[PDB]
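So the structure is just underneath, and the comments pick up after that.
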Amino acid sequence: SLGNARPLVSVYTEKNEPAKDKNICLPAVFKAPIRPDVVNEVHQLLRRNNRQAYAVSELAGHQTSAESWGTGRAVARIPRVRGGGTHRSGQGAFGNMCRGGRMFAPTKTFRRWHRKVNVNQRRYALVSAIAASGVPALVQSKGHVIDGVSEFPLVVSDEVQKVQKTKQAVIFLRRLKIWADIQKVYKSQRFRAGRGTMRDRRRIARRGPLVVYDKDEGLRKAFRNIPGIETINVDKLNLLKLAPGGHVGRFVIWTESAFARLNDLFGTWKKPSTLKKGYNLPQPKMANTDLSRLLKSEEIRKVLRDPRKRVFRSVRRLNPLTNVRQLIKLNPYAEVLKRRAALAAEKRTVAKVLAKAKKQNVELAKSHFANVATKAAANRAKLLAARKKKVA
Amino acid sequence: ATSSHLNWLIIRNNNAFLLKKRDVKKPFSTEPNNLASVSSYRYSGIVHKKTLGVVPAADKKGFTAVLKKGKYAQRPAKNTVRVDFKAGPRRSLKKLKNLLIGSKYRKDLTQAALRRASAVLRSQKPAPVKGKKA
Amino acid sequence: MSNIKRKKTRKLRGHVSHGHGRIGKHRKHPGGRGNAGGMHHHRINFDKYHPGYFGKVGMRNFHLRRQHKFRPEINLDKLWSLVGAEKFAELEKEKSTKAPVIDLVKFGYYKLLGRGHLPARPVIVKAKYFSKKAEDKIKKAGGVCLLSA
Amino acid sequence: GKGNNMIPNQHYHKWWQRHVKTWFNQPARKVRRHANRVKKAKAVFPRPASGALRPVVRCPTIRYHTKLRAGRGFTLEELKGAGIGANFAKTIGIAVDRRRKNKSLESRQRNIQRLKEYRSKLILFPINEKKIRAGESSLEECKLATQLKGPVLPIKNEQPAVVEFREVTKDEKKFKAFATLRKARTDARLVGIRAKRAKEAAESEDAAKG
RNA sequence: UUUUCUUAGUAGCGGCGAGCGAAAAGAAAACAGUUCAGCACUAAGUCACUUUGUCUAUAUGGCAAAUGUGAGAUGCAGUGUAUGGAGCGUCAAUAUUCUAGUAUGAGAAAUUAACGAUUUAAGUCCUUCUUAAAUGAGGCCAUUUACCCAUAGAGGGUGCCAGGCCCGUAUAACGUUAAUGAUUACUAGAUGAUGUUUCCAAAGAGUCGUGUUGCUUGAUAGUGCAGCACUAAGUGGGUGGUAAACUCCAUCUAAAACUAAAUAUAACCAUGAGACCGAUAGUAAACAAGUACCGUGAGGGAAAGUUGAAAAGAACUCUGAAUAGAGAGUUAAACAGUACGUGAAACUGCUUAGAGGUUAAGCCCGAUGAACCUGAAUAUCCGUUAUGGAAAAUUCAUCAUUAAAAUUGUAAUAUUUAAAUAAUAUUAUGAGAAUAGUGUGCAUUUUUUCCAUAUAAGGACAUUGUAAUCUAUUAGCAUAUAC
RNA sequence: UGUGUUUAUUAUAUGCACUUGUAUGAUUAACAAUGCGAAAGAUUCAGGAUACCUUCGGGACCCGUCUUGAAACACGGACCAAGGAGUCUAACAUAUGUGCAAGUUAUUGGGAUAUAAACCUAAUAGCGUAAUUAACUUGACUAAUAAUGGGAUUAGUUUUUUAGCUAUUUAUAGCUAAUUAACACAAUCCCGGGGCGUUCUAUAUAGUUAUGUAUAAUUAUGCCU
RNA sequence: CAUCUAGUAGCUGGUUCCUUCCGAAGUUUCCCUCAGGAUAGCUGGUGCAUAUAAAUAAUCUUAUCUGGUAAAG
RNA sequence: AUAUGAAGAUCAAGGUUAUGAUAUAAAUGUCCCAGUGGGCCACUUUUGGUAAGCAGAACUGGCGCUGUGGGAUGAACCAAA
RNA sequence: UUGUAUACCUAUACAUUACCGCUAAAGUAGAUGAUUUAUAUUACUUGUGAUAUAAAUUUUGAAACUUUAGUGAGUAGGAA
RNA sequence: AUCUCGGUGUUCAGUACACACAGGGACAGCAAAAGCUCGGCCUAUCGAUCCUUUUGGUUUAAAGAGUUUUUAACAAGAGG
């Protein structure tokens, strides 16, 4: 909000001359806010003031004496033309659905075509189209070849205001590396894809640079014939020319006595204006506005919580009745009795295959009696537990 | 007016380089210093000086001549050369993608530039590779 | 100038009735035209929402002149904003050097009413007409009202 | 219709589309009225643009007591005291309108300076270069030094916003106005009741010697 | 006076319902004021003809003569007008000068306007495609990479999209008209105010008005208008949004007349435009359209634009009685040959491919035969391997050295935001990187860049079969305990 | 609960390095067979109502409409193409957007010029900031400091008072049940006060002032009715 | 015949793109009202006040009051 | 006849918020916002009528506005949206 | 036909799962040597931490990504 | 069977009238007094705007100002 703080815009001479002996601070308009939705709406309502009225003729479709055959004449009840012998009787008159009728509601010449925008809202949009004619992120996004343009804002001398021939004028644009946007103007020269071609707008190009000047010694004649270029006075400043299309960031070339006068037209960040009586510059909703510096920022960063980071995808429900590794996870002590019954079930087996095999009683070695006669003689391994453990 | 987060919201739905392309909802943007042509936030034209552009060549079909970051010391009001500082690695594939990860000691856009450079070198690889095809 | 893209003619394409029902669908004037009939079938709508319609409370002024009951008024509430901005508190030194001679007929005002909560300084107000409480709170602080046209 | 609606009152029962007026010559009437003023002002002399004199007094009612607009007049007895010249003032252009009879003296002294203010600003290009009594100057000629052709000749005005704030401070702490208006009201409220008892009670002694 | 804004959808008016509905003031645009009748104007002081002199438009003119004949005393001129005047008187300025005319030229165009198809800058420069056509694509010393011009890059034409081929366009020149009026000449008319002041003094009649009656209005015990009845006054008469009577006050001066400007404009004469329509649209009419046609008549009233760049508008032969068919021919193309741009659907003649007693057909879902179509391996197990070869940068090669260009972080100065703070330039500083140059070395074993050689395989891919796991689920057996 | 008598059973005491063993933190992952995406063009596998045709089983009435109910023996519709129906305006309302904010809005005009646009701007006016009453009158409390005054319900606030967790410059921080303050923001609920109107009434009106009893001379000198 | 005139119609007919979400009413009062309104209900949209008890609100149990129908006479 | 009433305004003292189950988020405004204001069927209770696929009501559930399964068939039945 | 028995068949219902939407909740925004991860030197605890040298991922149309749950009939009608 | 000022019930849209009610402020009747009498023991017995017309203030206005008549206006009834 507080205005200059990238200040010293340098004046460039004819020969692009990386400075001069002059140096101007930013005229404080260029830190006033660029709201691109105010400008879109203010531009839109204001370019309707050049419209012309259209309407159909007020007596068209209604030049017939046609009444209705009613019913029951086997034909539908619309106003049919009267007489005889001429293809036109009795044919269908007066209706939107008829062929020759009046249109559904005819267009009238007292539509509201023009518009009243608040004056303070057309000052808001002019200001947001001058603060975007600095900022080379925004001139570079309206197209606008400016990667060889010296400074933003381009201030040039008052010697450009005396250019008198179009030959001299294109050298200035050549020397200041402005000509690469004119060459993009010639490559955009087309025909319209209407309908507008029959209505006197077949076409020429797209838009180029805007030369804001203060006095006109010769430069509106000299820049008149170059495509894409137009010259404008400081005090007027059309918004329709400074943000064409409702879009911000036109490449604008000031002169120096058209850059001295922006502290008079629009006010300053301390005082009001001189030439727009009562106007103060609009205040933004955000002074600092760099969300990148703010999100760092150690006043903010020392109070935040934590990013606590593990992300919980974490789904499938396993069935803990045919699983065991999900049953022994949810209920340990399932494991304890699942072992305590499976160990007793393995002990019921040995007492059965022993008591059956008393009619065969073969072995005692490894084949069908490893899982039998080994544990039948590991009760000697619990003869120790009664005998040697009574020493405590 | 100074910020890039402000600058983006002024352009994030209409600029000269935004390419809306009818179905896959937003991947494209054609500005000359993007590195992954998407309109994202700051893979973008002007970032105010971490606009990293890996480009060929200049001598096609040589090498990856990198338009680098343009950073602070001009205003960033742009050139007649003033703001842009343009350094170009060559000679290999392995020993210039290391002298571009080394020219960028700071890490964020590096791996978009290490994939745009590794695809410019592939894009002029068919002048040596993929021969006569008998 | 208005949209139509957002209007609902463009969303009712093409559903048959266009917002209006199969049953008692859009016909020309099914209650009459305008404010009729306010005493009969639109009775309830006129009381409620509009009581005091239909009658006559009276005195006919053939040719009212609204230049007769003109009287622009001003409370004590403001009254100090009329005198300039820094004399507000440049007199509360404390130093009673000043009762400001205020003339409201030069400020466009004709009566001084009294809603107030006024400060303890003297003033010299010159309105045409008086509120009684206005002149009772300005006399309570050492002021006047010079009864002047 | 259904309800809560600021009862309609719109006067379109009367076929008003034959009465519709459209104003697209409003830009085109700004241009022609301006170009009539330009062509008028080029065609006079160095006379003023507008430009006769148009006196100043007094919008009529209470609502506009205070405003002091431009008249149509100058009042044959406003001319008379100002060294004019009632049928000389039509030619140097002084608006001489004579259905205006001047009511006050203040209204006549408000506008007798204004007839000497101008005519102390009015240089009288002569007839013969004999300089009968202009009596301004020879070489302040309309050959030479005039041709500026001012627009409005204005009221001047000259503060009346106002505010040159005086302070006294004043001593009138006894002299009330919340009762001075309730008594000057009921003086005139009761004028006829007090003047009827005056011609019965104070005419009771006339029957003594009658 | 009139027009716009506001007053105001207000005051009022109204089956006080539906509804209706002004004006003063205020703000603008524009401004311009006057003339009669009627008096102590105090010599008909006037006018129209006609004729005769005699001016200089092709004059319902100019002057004079006869004052010839008439209008005129039942009232013509001058003075003078309700906003009133006319004479005396003063007092203060005061002629041979002015205002308005026509005549005349100041001025060797002297200005300004409007109008003139009389006049213009720069490419048809060199290659592609059309090789039907270039206006399209490429190119054109540097001047800071316009080929040139440009105060001209509006539009239109020309075989495609043209600033530079043409008309125009921009600025102008020339040409024509008109307006200007320095002087001189003649015919008129005139030669102020007034602090002030005595006398004289004419102000519109079946008209205001009132009653009634009718319509009209916002106008309410009357807003305007009219008919009838009644009919004035001269400190009178009208009005002051409530009728009447008294006493006031304010305010105008009706019953006669003229008057520019701002304002309106579907017509006419001439123009310019457009977020308009694009041939069932836009006028009814893009065309020989208010036509053809219908009606006794008043009236009703259409449909219908497009070959091609150029008619090059199909010579000639054969067949036929023949329009024509067939072959040629022109053309970039006749699927451009007069349904002449394109050429849709409905509807079908012929071809081709299957099938046919199976709700009348058509349909949905899931398949099917035939036809056609779409997509799909980029290197190992229990490894983007050990070896071995091959090439080349010659800042890199590891380094050392140098020359720059920025970054980051310190310092400082000038600017904003004056104290620090910040941000912006302009300098300096350091460490680490990167760019181009040289060299134990060019490969000194490394660095970049390619190829056969091990482990479990062609592993990867898709389509399957297998085997195991997990979810949801189906069926089947029986190792024991309790009641 | 206690303790031993006791006889049984679970848990903890598995550190270091490695590996083709669960949640892969909705796991599907492996072995093997077929088949090479040929320089231009085959083939293998899987898929495809493309517009059909063939074949078969299931489903399957004709849409629009008004109607309690339509396939209806209700009406419309033989078929195609083009045309064809919720608009503009005046006024108001709510809502949302935007600008300014005790204001606001130039838009009738005038300027300044660059062109029906854009730019600047006087004086007004509208609406708002003050209402009520038929009208005449009258007109919103001593906040210079109480948002409606007071109360209740109250989001928030270094507020503000009172044990431990956590980093301990042994500080300071952040979190809970607590002491407060605040208009306790807003919003609801209630009780008041004020302007006006109308009605009761307390005006012995004590009174209080003032044209009047004072003189000077229009004026300023007294108490009283 | 032409115009006023696109006269009016509480009545018949038609009212033109897709998907997503929420989802009626045939009742109240009143009307020269009964083929129609206005009204309230039912609907949707848009919010707003309160998100890392002891706020309340709706069918049963308990306590209490109410009732004249079935049955009974 | 009480400046003990009765209402109100304050300080004192009160374990464990005083059945159950639920929380589709509930509260509150505005557009008075659209459509609607012919209904019809059924159990149960009902009135008129000899009766009626008739007339009129109470109650809750349905069709209208709704496919799908079952009743061969079918607005409403049974099941299920 | 009446009373039963088992075993089957059958919805767009129910359960699980895949996918679409809608609803409701939650996360994420130090890029400067920011965060990690695997190695490679030292203070040291046994072990971890820090400096240094060895590869990547991240400028999430902040209207975007990410996570989890439920849910789905519709004329008149409203809304995105 | 009075004067007044609100409030409530019914009908209801929670509109009106009307009918009932429960109060406050008077002023009066009966009664020795308590008592609470605001028509009829309770449930029915009735009526907008405009107009006209009384009573009423001891009034407000007719918009240049007084005076009286006239008219109007406001409160409460009646005429339907």
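For the structure tokens, the naming scheme is as follows: chains receive sequential letters (A, B, ...) according to their order of presentation, residues are indexed from 1 within each chain, and ligands are indexed from 1 in presentation order.
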
Checklist entry - Could you list, as a ChimeraX atom specification, every residue of chain B that has an atom within 9 Å of an atom of chain I, counting only C-alpha atoms (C1' of nucleotides)? => result /B:12-13,25-28,38-44,105-109,111

Suppose we keep N, CA and C atoms; can you now write the selection as a CSV table (one decimal), in the first residue's frame?
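After the write, out.csv holds the following:
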```
chain,number,residue,atom,x,y,z
B,12,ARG,N,-4.4,-17.0,-13.6
B,12,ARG,CA,-4.5,-18.4,-13.5
B,12,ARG,C,-5.7,-19.0,-14.3
B,13,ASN,N,-6.5,-18.1,-14.9
B,13,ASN,CA,-7.6,-18.6,-15.8
B,13,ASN,C,-7.6,-17.8,-17.2
B,25,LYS,N,-8.7,-31.8,-18.0
B,25,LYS,CA,-9.1,-31.0,-16.9
B,25,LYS,C,-8.3,-29.8,-16.4
B,26,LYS,N,-6.9,-29.9,-16.4
B,26,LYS,CA,-6.0,-28.9,-16.7
B,26,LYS,C,-4.6,-29.4,-16.6
B,27,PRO,N,-4.0,-29.8,-17.7
B,27,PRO,CA,-2.6,-29.9,-17.7
B,27,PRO,C,-1.7,-28.9,-18.6
B,28,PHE,N,-2.2,-27.8,-19.3
B,28,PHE,CA,-1.3,-27.3,-20.3
B,28,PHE,C,-1.2,-25.8,-20.4
B,38,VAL,N,2.3,-26.9,-17.7
B,38,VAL,CA,1.1,-27.3,-17.1
B,38,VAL,C,0.2,-26.2,-16.5
B,39,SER,N,0.6,-24.9,-16.3
B,39,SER,CA,-0.1,-23.9,-15.4
B,39,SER,C,-0.4,-24.5,-14.0
B,40,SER,N,0.6,-24.4,-13.2
B,40,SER,CA,0.5,-25.1,-11.9
B,40,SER,C,0.4,-24.2,-10.7
B,41,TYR,N,1.4,-23.5,-10.4
B,41,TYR,CA,1.4,-22.1,-9.8
B,41,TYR,C,2.6,-21.4,-10.3
B,42,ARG,N,3.8,-22.0,-10.3
B,42,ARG,CA,5.0,-21.2,-10.5
B,42,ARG,C,6.0,-22.0,-11.5
B,43,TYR,N,5.7,-23.2,-11.8
B,43,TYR,CA,6.0,-23.6,-13.2
B,43,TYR,C,5.2,-22.6,-13.9
B,44,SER,N,5.8,-21.5,-14.4
B,44,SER,CA,5.1,-20.4,-15.0
B,44,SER,C,6.0,-19.3,-15.5
B,105,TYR,N,22.4,-25.3,-6.9
B,105,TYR,CA,22.7,-25.7,-5.6
B,105,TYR,C,21.4,-25.7,-4.7
B,106,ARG,N,20.5,-24.8,-5.0
B,106,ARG,CA,19.2,-24.8,-4.5
B,106,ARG,C,18.2,-25.7,-5.2
B,107,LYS,N,17.4,-26.5,-4.4
B,107,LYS,CA,16.6,-27.5,-4.9
B,107,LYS,C,15.1,-27.1,-4.9
B,108,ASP,N,14.5,-26.6,-6.0
B,108,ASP,CA,13.1,-27.1,-6.2
B,108,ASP,C,12.7,-27.4,-7.6
B,109,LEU,N,13.0,-26.6,-8.6
B,109,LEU,CA,12.7,-26.8,-10.0
B,109,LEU,C,13.7,-27.7,-10.7
B,111,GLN,N,14.6,-30.9,-10.7
B,111,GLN,CA,14.2,-32.2,-11.4
B,111,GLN,C,13.2,-32.0,-12.5
```

Item to check | Near-range 181-187 of chain F list (12 Å; only C-alpha atoms (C1' of nucleotides); drop same-chain fewer than 3 positions) as a PyMOL selection string | outcome: (chain F and resi 146-148+153-157+159-161) or (chain G and resi 48-50) or (chain H and resi 27-29)

Write the selection just made, keeping C-alpha atoms (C1' of nucleotides), as a PDB file, in the first residue's frame?
```
ATOM      1  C1'   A F 146     -22.735   3.460  29.357  1.00  0.00           C
ATOM      2  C1'   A F 147     -24.850   0.024  21.354  1.00  0.00           C
ATOM      3  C1'   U F 148     -30.936  -0.413  23.676  1.00  0.00           C
ATOM      4  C1'   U F 153     -28.157 -16.778  27.054  1.00  0.00           C
ATOM      5  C1'   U F 154     -23.516 -15.556  25.714  1.00  0.00           C
ATOM      6  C1'   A F 155     -18.180 -17.455  20.309  1.00  0.00           C
ATOM      7  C1'   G F 156     -13.665 -14.560  21.254  1.00  0.00           C
ATOM      8  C1'   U F 157      -9.902 -11.624  24.030  1.00  0.00           C
ATOM      9  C1'   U F 159      -7.721 -10.730  29.043  1.00  0.00           C
ATOM     10  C1'   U F 160      -7.605 -12.422  34.470  1.00  0.00           C
ATOM     11  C1'   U F 161      -7.035 -15.664  38.883  1.00  0.00           C
TER      12        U F 161
ATOM     13  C1'   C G  48     -26.547 -17.810   9.303  1.00  0.00           C
ATOM     14  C1'   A G  49     -25.790 -18.921  14.893  1.00  0.00           C
ATOM     15  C1'   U G  50     -23.799 -23.187  17.643  1.00  0.00           C
TER      16        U G  50
ATOM     17  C1'   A H  27     -31.632 -24.144  15.839  1.00  0.00           C
ATOM     18  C1'   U H  28     -33.231 -19.839  13.356  1.00  0.00           C
ATOM     19  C1'   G H  29     -34.283 -16.351   9.465  1.00  0.00           C
TER      20        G H  29
END
```

Considering only C-alpha atoms (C1' of nucleotides), give me a table of residues in chain J that are at most 10 Å from chain D, with the closest atom pair and distance in Å for each, as CSV.
```
residue,atom,partner,partner_atom,distance
J:65,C1',D:192,CA,9.7
J:66,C1',D:192,CA,5.4
J:67,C1',D:192,CA,7.1
```

Those residues with N, CA and C atoms (P, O5', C5', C4', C3', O3' and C1' of nucleotides), as a PDB file, in the first residue's frame please?
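part_8.pdb written:
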```
ATOM      1  P     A J  65     -52.989  33.522   6.030  1.00  0.00           P
ATOM      2  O5'   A J  65     -52.786  34.352   7.366  1.00  0.00           O
ATOM      3  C5'   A J  65     -52.223  35.648   7.343  1.00  0.00           C
ATOM      4  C4'   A J  65     -53.090  36.657   8.047  1.00  0.00           C
ATOM      5  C3'   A J  65     -54.338  36.144   8.724  1.00  0.00           C
ATOM      6  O3'   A J  65     -54.070  35.483   9.936  1.00  0.00           O
ATOM      7  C1'   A J  65     -54.821  38.140   7.604  1.00  0.00           C
ATOM      8  P     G J  66     -55.242  34.695  10.684  1.00  0.00           P
ATOM      9  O5'   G J  66     -55.811  35.770  11.696  1.00  0.00           O
ATOM     10  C5'   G J  66     -57.158  35.715  12.099  1.00  0.00           C
ATOM     11  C4'   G J  66     -57.728  37.080  12.354  1.00  0.00           C
ATOM     12  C3'   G J  66     -59.213  37.098  12.597  1.00  0.00           C
ATOM     13  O3'   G J  66     -59.547  36.691  13.895  1.00  0.00           O
ATOM     14  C1'   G J  66     -58.688  38.765  11.064  1.00  0.00           C
ATOM     15  P     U J  67     -60.379  35.351  14.082  1.00  0.00           P
ATOM     16  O5'   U J  67     -61.871  35.878  14.200  1.00  0.00           O
ATOM     17  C5'   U J  67     -62.163  37.100  14.866  1.00  0.00           C
ATOM     18  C4'   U J  67     -63.456  37.702  14.386  1.00  0.00           C
ATOM     19  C3'   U J  67     -64.578  36.722  14.105  1.00  0.00           C
ATOM     20  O3'   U J  67     -65.264  36.303  15.262  1.00  0.00           O
ATOM     21  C1'   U J  67     -64.414  38.291  12.338  1.00  0.00           C
TER      22        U J  67
END
```

How close does range 35-111 of chain F get to range 6-24 of chain G? List, as a tab-separated table, each residue of range 35-111 of chain F within 10 Å, its nearest atom pair and the distance in Å to one decimal, counting only C-alpha atoms (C1' of nucleotides).
```
residue	atom	partner	partner_atom	distance
F:64	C1'	G:14	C1'	10.0
F:65	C1'	G:13	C1'	9.2
F:66	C1'	G:12	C1'	9.6
F:76	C1'	G:13	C1'	9.3
F:84	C1'	G:16	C1'	9.1
F:85	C1'	G:15	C1'	5.4
F:86	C1'	G:15	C1'	9.1
```

Next on the checklist: Calculated over only C-alpha atoms (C1' of nucleotides), which of the candidates F:55, F:105, F:87, F:179 has the smallest distance to chain C?
Outcome noted: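 Ranking F:55, F:105, F:87, F:179 by distance to chain C, first place goes to F:87.
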
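The residues of range 79-118 of chain C that DSSP assigns to strand (DSSP E) on this backbone come out as residues 101, 102, 103, 111 and 112 of chain C.
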